[PDB]
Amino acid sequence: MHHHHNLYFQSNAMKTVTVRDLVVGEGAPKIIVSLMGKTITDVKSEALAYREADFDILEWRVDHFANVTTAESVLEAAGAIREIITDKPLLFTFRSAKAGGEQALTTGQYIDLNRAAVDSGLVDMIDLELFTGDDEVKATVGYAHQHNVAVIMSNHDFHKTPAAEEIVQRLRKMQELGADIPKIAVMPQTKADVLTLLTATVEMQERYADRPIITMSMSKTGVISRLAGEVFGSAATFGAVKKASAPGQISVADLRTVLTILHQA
């Protein structure tokens, strides 16, 4: 029902997504960092400071923003970020409280928030949570694609790590719903749980993926999952600039140092 009177590319065959000249799914894993300001002032200060860091993609964690339900405030903040970080893809992510975030919204507010984000032309990608429901997600994925906005579809488990087979199925379901980059984060209770997440990454990437995926086992115990993306198949990884946006992230500089070492011939 959306009619028309940013531009990213995607190669199913090469299993890549290209957003502003960044080729996700090729070479060393790409570094994403989260900006988490409460007010417009905080968001601007963070954007200015982050410009010094070496990252590939900038994720705006909109759930940390106080005026998230004031449309004009959201847009001023996005614009401000876009004006400072002009050469990197900008990912818009409202993470719900049960998925690790800081606030909660109704399904209606959440869909409306992402649509406004997509309509703005200020962001290159949006994050859509799988638990939002198949119908709503499928429609919003289509809406994003109609405006040349890429989608990272995400799923989280903060209590435990599901069986490898179940992790693989959720990644496939996200792909089937049209996600450009399926993403999954799970919490290990044991060291074996970390290996279960990596097993699933390898299985999905090798047998079903026709696009990049992002995976992680959270907490210090799972840090290897944020470093070994190149060999096991995770196309991107999160680093902390000054504060982690999820448990287990290491500093952006140390992160780049490790990824480079592992990329070396």
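Residue numbers here begin at 1 and follow the sequence given.
- Unmodelled residues of the deposited sequence between neighbouring positions residue 5 and residue 6 number 10 or more.
- With 194-202 and 50-58 compared on mean CA B-factor from the PDB entry, the stretch scoring higher is 50-58.
- Higher mean CA temperature factor between 132-140 and 180-188: 132-140, per the PDB entry.
- In this PDB entry, the Cα temperature factor of residue 93 sits in the bottom third of its chain's modelled residues, the lowest group.
- Residue 124: CA B factor in the lowest third of modelled residues in this chain (values from the PDB entry).
- The PDB entry assigns residue 29 a C-alpha temperature factor belonging to the lowest third of its chain's modelled residues.
- Ranked against the other modelled residues of its chain, the C-alpha B-factor of residue 234 as given in the entry falls in the lowest third.
- Residue 216: CA B factor lies in the lowest third for its chain, per the PDB record.
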